[PDB]
Amino acid sequence: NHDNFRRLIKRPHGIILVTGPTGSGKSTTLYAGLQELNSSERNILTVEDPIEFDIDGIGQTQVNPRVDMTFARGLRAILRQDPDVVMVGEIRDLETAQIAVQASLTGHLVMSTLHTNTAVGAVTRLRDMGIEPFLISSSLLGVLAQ
Amino acid sequence: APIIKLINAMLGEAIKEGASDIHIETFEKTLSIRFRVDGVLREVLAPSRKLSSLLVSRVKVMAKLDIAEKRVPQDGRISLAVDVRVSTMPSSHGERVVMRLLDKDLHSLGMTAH
């Protein structure tokens, strides 16, 4: 499972989702994935709500409601920093997913989470919000039900 | 000021090495400058962490952006024949700056004959 996840998070582009219920240790798994990628040869940035803890060597922006800094606006801002990999806290709505799908197609490796009970539930959930059935097939690398 | 010359010399060093992007990033302990020379990120200098706010302030005023607003993303432009597109964004240890260096037939662009 580690070797398969290693190869997936080390791809040049695509979306990798980690799914399950609340308190299933998704962040811990994402944080471990970013720490593994944390090298001098890549630019890793994240949007979180809130930031669980600080990874030294990786940029981490926080979702601030006082200045209307949302996941969508935060993710839209990160893409102008010339990133190689991006980690979004979670893709709750369509607007945030639309940007993440565009990000994955435009040479970035995207990472996020969805509150779905199964690994098929994640692919499911993207189809529900309003992502064209195709766009999921092209971008999605895999899902990790945990 | 000393900071005005440092940013200008850095931009000259970016054009020297053939950098596309310049990455100014502030962490808790260290301040890091990185160029993406031909798609490959590269360590160039790690100055004093204290300078973080001054480097962010200088690159803002060059692009005619808000100095005091450190809570929202700001995008601006500069013309030095090098056209740069600065992009600031909020983070845990202050703002993070990136400025993309770009140098200044209809059929060749894409249009078909018809």
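Here the protein sequences line up with chains U and S, keeping their order.
Numbered by full-length UniProt numbering, the letters in the first sequence go through residues 245 to 390 in order.
Numbered by full-length UniProt numbering, the letters in the second sequence go through residues 121 to 200, 206 to 229, 235 to 244 in order.
We treat Cβ as the ideally placed atom computed from N, Cα and C, and that holds for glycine.
Taking only beta-carbon atoms, is residue 371 of chain U less than 8 Å away from chain S?
Cβ-Cβ to chain S under 8 Å: no for residue 371 of chain U.
In whole angstroms, what is the alpha-carbon distance linking residue 304 of chain U and residue 174 of chain S?
So the two alpha carbons sit approximately 21 Å from each other.
Go ahead and pull the three-state DSSP assignment for residue 218 of chain S.
In the structure shown, residue 218 of chain S sits in coil (DSSP, three-state: anything other than H, G, I, E or B).
Is it buried or exposed for residue 280 of chain U, if we count other Cβ within 10 angstroms and need 16 for buried?
Exposed is the call here.
Assuming residue 335 of chain U contacts residue 348 of chain U under a Cβ cut-off of 8 Å, what Cβ separation, rounded to an integer in Å, is found between them?
Going by Cβ atoms, the distance from residue 335 of chain U to residue 348 of chain U rounds to 11 Å, so no, they are not a contact pair.
For a contact defined as C-beta to C-beta under 7 Å, what are the partners of residue 321 of chain U on chain S?
193 and 214, listed in chain order.
Touch check for the stretch 292-311 of chain U and the stretch 320-340 of chain U: three-plus C-beta pairs under 8 Å?
Yes: at least three Cβ pairs fall under 8 Å.
Give me the residue from S:182, S:138 and S:226 with the minimum Cα distance to residue 125 of chain S.
Residue 125 of chain S has its Cα closest to that of S:182, out of S:182, S:138 and S:226.
So, at 8 Å on beta carbons, what are the nonlocal neighbours of residue 127 of chain S in its own chain, with the 5 sequence-adjacent residues on each side left out?
Excluding residues within five positions, the ones whose Cβ falls inside 8 Å are 175, 178, 179 and 182.
Measure the alpha-carbon distance for residue 206 of chain S versus residue 222 of chain S and round it to whole angstroms.
So the two alpha carbons sit approximately 21 Å from each other.
So, for residue 295 of chain U: in the same chain, excluding its five sequence neighbours on each side, which residues have a beta-carbon less than 7 Å away from its beta-carbon?
If we look at residue 295 of chain U and ignore the five residues flanking it on each side, its Cβ neighbours are 304 and 306.
Let me confirm a value: residue 245 of chain U is counted as buried when at least 16 other C-beta atoms fall within 10 Å, else exposed. Which label applies?
The residue in question, residue 245 of chain U, is exposed, as its Cβ has fewer than 16 Cβ neighbours within 10 Å.
Are the C-beta of residue 304 of chain U and some C-beta of chain S separated by less than 8 Å?
Residue 304 of chain U counts as touching chain S.
Name, in chain order, the residues that DSSP records as bridge partners for residue 380 of chain U.
Per DSSP, none; premise fails for residue 380 of chain U.
Identify every run of the beta strand (DSSP E) within the stretch 294-327 of chain U, keeping only runs that are complete inside it and at least 3 residues long; order them along the chain.
Fully enclosed beta strand (DSSP E) runs of 3 or longer: 303-306.
Does the pairing of the stretch 253-264 of chain U with the stretch 358-378 of chain U give three or more beta-carbon distances under 8 Å?
Short answer: they touch.
Could you please give the first and the last residue of the uninterrupted alpha helix (DSSP H) stretch that includes residue 140 of chain S?
Here residue 140 of chain S belongs to no alpha helix (DSSP H); instead the beta strand (DSSP E) covers 139-146.
Taking C-beta pairs closer than 7 Å, name the residues in chain S that residue 285 of chain U reaches, listed in chain order.
Here the neighbours are 161.
Terminal residues of the continuous alpha helix (DSSP H) containing residue 349 of chain U?
Unbroken alpha helix (DSSP H) run through residue 349 of chain U: 338-349.
Report the three-state DSSP secondary structure of residue 279 of chain U (helix, strand or coil).
Helix, per DSSP.
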